[PDB]
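Notes follow once the structure below has been shown.
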Ligand SMILES: N#C/C=C/c1cc(Cl)cc(Oc2ccc(OCCN3CCOCC3)cc2OCCn2ccc(=O)[nH]c2=O)c1
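Chains as they are written, first to last, in PDB author numbering: chain B, 1 to 428; chain A, 0 to 548.
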């Protein structure tokens, strides 16, 4: 590579010390892969071994590429990100295209390798320290720090931003209707073109970037994939807040009207315009659960009125940029998961449900992992930043298995919940 | 004169700080004259150097007689400098577990003499280690020194020493890749499959290398021979175990002594199977003064008895063999306590251990089994770098049913069923749809937050009604009460309807055990029933609810 004018100096918030974070234990296999990878990177100049006088540490994991059988090293930069990018979303911050969510199709391209051509400010290198762990604490781990702009660090695309803008300029000129947004190591490219046109334009951008020096190992299965969905493509024009659905039934029992009145009453703390009065009077005196209650004219006059009041969006619900995004996920069974993305309680910026193959293929952790990735990508496309998850999983279980199914180059913040009893029936 | 031409590790003081300025006048002639004998012999060896009143900094100096009172020792309190020095990478946290070591034909322990003092200190930093021996009462220009090497007790000594030793070993470990060297604090643990002759000569080559770098190694033979008492263990050539555990016999037990006891029992549990800490640690629940006298309970003394009986005859752990499968096996002890053994072989264990659920007011057998599996998976990943095949006392369809109907996402590696009782089953299942031809109980309960009296009751579709008074209770407790009442007074199939998300929450969790007797009785009733459908409605929205005060 080359060494452009100086190196962009990186400072921190005054009184902010570098990251010191424990390295999770890894399988022998993953340690091996990390050792190989870093031996290589050491040879190429990207990282160098360090002394005991470097206290800082950032975690490192091993995932596999996207679909590939070759190992990939994923550095978890969340801490260093909070400790730098917070003033580097300010100083060097990249502006977000609110028109990206409008496009009919959006392809994500991996541009990470670019950062590796560029050196990192000397004085800053000590904060990129990571440790390859040893099995059973038999040796002190292997300790490297970065000599070049690291993937996963939010300062990396911010520093490379100008180079990216320049390289992208010609393509942007010939294609004024294509939206291009850089989030960390990925380029999000939107268009209203038909799928064939879209894919061809994306290949045009791939070749453009390629002849300007940017490799994009997003390259597909080429001539003959045996069976796959080859294109990684989103479709944000269809992405909104999923409306609440009341059960559609011919005849109703006491129990059914109870679930109905309960769910409606729950909705009332979101939509204030709901009245359950006429459904309450149609039970009254103590009855059997299985007893069938006939639906009166007034009761259904209340029901049909509460149905179309639930198809409209809420009032006063807007995105607060000074606030963190929060994503809650609830498990629905049968390979289905439902989610909400909000900021303050009961005001939902976006909700959704993402299912997959139901049985004899995938397990719970795989599903939750793909779900978190999907939601995160939607969040990037829509707001230009990732939500903090409340995950329905035991902490240690997730901390053990999340890196098996993780194909993304970024890591969202998460925390773990034991709480919700009733949201299952209500959010499905 | 054991100095060394080892590259020094560059050190800074914490940003915006300076060198310790603490002055020491005191005190006594006896010690003062004794310090010069040490200082001149250290200066000879080049470990320290005199300095001029150029206005450097200063650090306190003490002196003390070693045990048995034969040879003296010098002390320096570096606390100030230590607080003022930069942070270093953490030396080591955990230590390797013997179950994770692999059998080697020969093993040798080498302790390094003079240690830190054999390793030089960064030049520009030496001026902050400056200290002063005073005169006797006379104010005369008492000697001023400073360290050229790693000062004892200084913040940077252990880490810098470790990295120095590593760099020194590197050219030797290259020439001898088939031998394994572990590095721990001041010692080195070497091992090889080399025949005892060439091993015995290799160790000597190592000693010569080390001494060429200024580091002493034990002269007489290789010194220490198995055991090998290391960090509370006993490492034998074919086996490992814990160092002998002694459980004291006393008339009175202070919370401190119960702390020591639970400690020893826990430590023992990694190898001796069956160890139970539940009742003894339950004594320790209340967190208060450590000098308090705590009376033991009956279950605690029974537990302790069972532990004493387990500890009677010694047991041994084996070492790891990468070629052979790693298996872990779990048994329920029944008190909310689980126990497990990890082995590649039937009659010999790599190690053992226990899991006990601490948090939560109510739990589940399958959930606890899962949590245990999680603990062991983590542990195995730590120690052996992989995850074990599991042998579990749970039917496939039981497990499948649980994880499919469980709100949280759980996952298990591949496992096989073991028919060894007690097995793990679901002691009951709530109906997912209301029961036809079953009496419907509308339950409610309420209490007064001041008097704490309250009452619990039901009203049924068959016109049946009951209200029972309660004393010393709470609204949640009155609700669980109400449900219990409906369970007692109904048939084998019953539809209950409640106004409380709390009670519904406890019950839908399907617990088979709890720390409140009420929930336990409810559990018993739930097991006794053929079908129970529990359903919820908004409280005080006037549908089927009880208007009873
Ligand atoms: N004071 C005191 C401390 C003493 C002490 C402390 C540690 Cl932590 C380790 C140690 O010995 C070993 C050293 C290296 C080794 O290297 C193993 C590395 N592998 C690499 C792959 O091949 C197999 C070996 C295996 C060892 O044990 C193997 C098992 N063993 C233990 C004790 C004994 O007497 N004989 C044995 O055979 C000794």
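All C-beta atoms in this analysis are idealised placements derived from N, C-alpha and C, irrespective of residue type, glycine included.
Since residue 444 of chain A is in the beta strand (DSSP E), which residue starts that stretch and which ends it? Your numbering for residue 444 of chain A matches position 445 in the second chain. Where residue 444 of chain A is concerned, the enclosing beta strand (DSSP E) stretches over 438-445.
Closer than 9 Å by beta-carbon distance: list the chain A residues that pair up with residue 143 of chain B, in chain order. Position 143 of the first chain, counted from the start, is the residue given in the question as residue 143 of chain B. Residues of chain A passing the Cβ test: 88.
Element boundaries [beta strand (DSSP E), containing residue 62 of chain B]: Taking the first chain and counting its residues from 1, one reaches residue 62 of chain B at position 62. Per DSSP, residue 62 of chain B belongs to the beta strand (DSSP E) from 60-63.
With respect to the beta strand (DSSP E) encompassing residue 495 of chain A, which residues constitute its N-terminal and C-terminal limits? Along the second chain, read from residue 1 onward, the residue named residue 495 of chain A stands at position 496. Unbroken beta strand (DSSP E) run through residue 495 of chain A: 492-497.
According to DSSP, residue 12 of chain A sits in a beta bridge with which residue or residues? Taking the second chain and counting its residues from 1, one reaches residue 12 of chain A at position 13. A:84.
Measuring alpha carbon to alpha carbon, tell me which of B:297, B:239, B:306 ends up nearest residue 265 of chain B. As a working note, residue 265 of chain B is residue 265 in the first chain. Taking only the C-alpha atoms, the option nearest residue 265 of chain B is B:306.
What does a CB cutoff of less than 6 Å around residue 134 of chain B pick up in its chain, not counting 5 residues either side in sequence? In the first chain, residue 134 of chain B corresponds to position 134, counting from 1. If we look at residue 134 of chain B and ignore the five residues flanking it on each side, its Cβ neighbours are 141.
Nearest CA to the CA of residue 339 of chain B: which residue from B:183, B:181, B:392, B:267? Looking up residue 339 of chain B in the first chain gives position 339. The shortest Cα separation from residue 339 of chain B among B:183, B:181, B:392, B:267 belongs to B:392.
Would the beta-carbon of residue 329 of chain A fall within 8 Å of that of residue 337 of chain A? Residue 329 of chain A sits at position 330 when you count from the first residue of the second chain. Residue 337 of chain A sits at position 338 when you count from the first residue of the second chain. In this structure, residue 337 of chain A lies closer than 8 Å to residue 329 of chain A by Cβ.
Residue span of the beta strand (DSSP E) that contains residue 194 of chain B, given as start and end: On the first chain, position 194 is the one that residue 194 of chain B refers to. It is not in any beta strand (DSSP E) - residue 194 of chain B carries neither H nor E in the DSSP assignment.
Using the C-alpha atoms, what's the distance from residue 68 of chain B back to residue 121 of chain A? Looking up residue 121 of chain A in the second chain gives position 122. Looking up residue 68 of chain B in the first chain gives position 68. Near 48 Å, if we compare the C-alpha coordinates of residue 68 of chain B and residue 121 of chain A.
Using C-beta distances below 6 Å, list every residue in its chain close to residue 452 of chain A, excluding the 5 sequence neighbours before and after it, in chain order. For the purposes of this step, residue 452 of chain A is identified with residue 453 of the second chain, where counting begins at 1. Counting only Cβ-Cβ distances below 6 Å, and skipping sequence neighbours, we find 470.
Residue 266 of chain B in three-state terms, based on DSSP: For the purposes of this step, residue 266 of chain B is identified with residue 266 of the first chain, where counting begins at 1. Helix at residue 266 of chain B.
List the DSSP bridge partners of residue 328 of chain B. Walking along the first chain from the start, residue 328 of chain B turns up at place 328. Looking at the DSSP assignment, residue 328 of chain B forms a beta bridge with B:340, B:390.
If you draw a straight line from the C-alpha of residue 39 of chain A to the C-alpha of residue 68 of chain A, how long is it? Numbered from 1 along the second chain, position 40 holds the residue referred to as residue 39 of chain A. Numbered from 1 along the second chain, position 69 holds the residue referred to as residue 68 of chain A. If you take the alpha carbons of residue 39 of chain A and residue 68 of chain A, they lie about 21 Å apart.
Taking only three categories from DSSP, how would you classify residue 442 of chain B? Not covered by the structure: residue 442 of chain B. The range shown for chain B is 1 to 428.
From what residue to what residue does the beta strand (DSSP E) around residue 530 of chain A run? Residue mapping note: residue 530 of chain A aligns to position 531 of the second chain, counting from 1. Unbroken beta strand (DSSP E) run through residue 530 of chain A: 530-535.
Quick one: does residue 107 of chain A have its CB under 8 Å from some CB of chain B? Working through the second chain from its first residue, we reach residue 107 of chain A at position 108. It does not: the Cβ of residue 107 of chain A has no partner Cβ on chain B nearer than 8 Å.
Is the Cβ-Cβ distance between residue 150 of chain B and residue 3 of chain B less than 8 Å? One-based indexing of the first chain puts residue 150 of chain B at position 150. One-based indexing of the first chain puts residue 3 of chain B at position 3. No, they are not a contact pair.
Buried or exposed: which applies to residue 51 of chain B, given that a residue is buried once 16 or more other Cβ atoms fall within 10 Å of its Cβ? Translated into positions along the first chain, residue 51 of chain B becomes position 51. Buried is the call here.
Using the Cα positions of residue 315 of chain A and residue 157 of chain B, report the straight-line distance between them to the nearest angstrom. Against the second chain, residue 315 of chain A aligns to sequence position 316. Against the first chain, residue 157 of chain B aligns to sequence position 157. Answer to the nearest angstrom: the Cα atoms are 56 Å apart.
Give the straight-line distance between the Cα atoms of residue 348 of chain A and residue 186 of chain A, rounded to the nearest whole angstrom. The sequence position of residue 348 of chain A within the second chain is 349, counting from 1. The sequence position of residue 186 of chain A within the second chain is 187, counting from 1. About 28 Å.
I'd like the ranges of any beta strand (DSSP E) spanning at least 3 consecutive residues and lying wholly in the stretch 117-173 of chain B. 130-132, 142-146
Give me the residue from A:113, A:205, A:211, A:33 with the minimum Cα distance to residue 134 of chain A. By 1-based counting over the second chain, the position of residue 134 of chain A is 135. Nearest of A:113, A:205, A:211, A:33 to residue 134 of chain A, Cα basis: A:33.
Would you check whether ligand 1 has a heavy atom nearer than 7 Å to the C-beta of residue 95 of chain A? Taking the second chain and counting its residues from 1, one reaches residue 95 of chain A at position 96. Yes; taking the cut-off as 7 Å, the Cβ of residue 95 of chain A has a heavy atom of ligand 1 nearer than that.
Given a limit of 9 Å on CB to CB distance, which residues of the stretch 45-72 of chain B reach chain A? 50, 51, 52, 53, 54, 55, 56, 57
Cβ contact (3+ pairs, closer than 8 Å) linking the stretch 190-198 of chain B and the stretch 103-116 of chain B: yes
Chain-ordered neighbours of residue 15 of chain A on chain B, where CB pairs are closer than 9 Å: Here the question's residue 15 of chain A lines up with position 16 in the second chain. Those do not exist, as residue 15 of chain A stays about 10 Å from chain B at its closest Cβ, beyond 9 Å.
Does residue 460 of chain B come out as helix, strand or coil in the three-state DSSP assignment? Lying outside 1 to 428, the shown extent of chain B, residue 460 of chain B is not represented and no answer is given.
Chain A within 8 Å of residue 393 of chain B, Cβ atoms only: What you label residue 393 of chain B is simply residue 393 of the first chain in a count that begins at 1. It does; some Cβ of chain A falls within 8 Å.
Quick one: is the Cβ of residue 229 of chain A within less than 7 Å of any heavy atom of ligand 1? Numbered from its first residue, the second chain carries residue 229 of chain A at position 230. Yes; taking the cut-off as 7 Å, the Cβ of residue 229 of chain A has a heavy atom of ligand 1 nearer than that.
Would you decide whether residue 123 of chain A is buried or exposed? Buried here means 16 or more other CB atoms lie within 10 Å of its CB. To locate residue 123 of chain A, count along the second chain from 1; it is residue 124. With fewer than 16 other Cβ atoms within 10 Å, it is exposed.
Neighbourhood of residue 236 of chain B by C-beta, 8 Å cutoff - its chain only, sequence neighbours within 5 removed: As a working mapping, residue 236 of chain B is identified with position 236 in the first chain. So the list reads 100, 101, 102, 103, 106, 190, 378, 381, 382, once near-sequence residues are dropped.
Given 7 Å as the limit, tell me if residue 354 of chain A has its C-beta closer than that to any heavy atom belonging to ligand 1. What you label residue 354 of chain A is simply residue 355 of the second chain in a count that begins at 1. Residue 354 of chain A Cβ: outside cutoff for every heavy atom of ligand 1.
Report whether the distance from the Cβ of residue 225 of chain A to the nearest heavy atom of ligand 1 is below 7 Å. On the second chain, position 226 is the one that residue 225 of chain A refers to. Yes, the Cβ of residue 225 of chain A comes within 7 Å of a heavy atom of ligand 1.
Rounding to the nearest angstrom, what Cα-Cα distance links residue 198 of chain B and residue 205 of chain B in this structure? Within the first chain, the letter at position 198 stands for residue 198 of chain B. Within the first chain, the letter at position 205 stands for residue 205 of chain B. Their backbone Cα atoms lie some 11 Å apart in a straight line.
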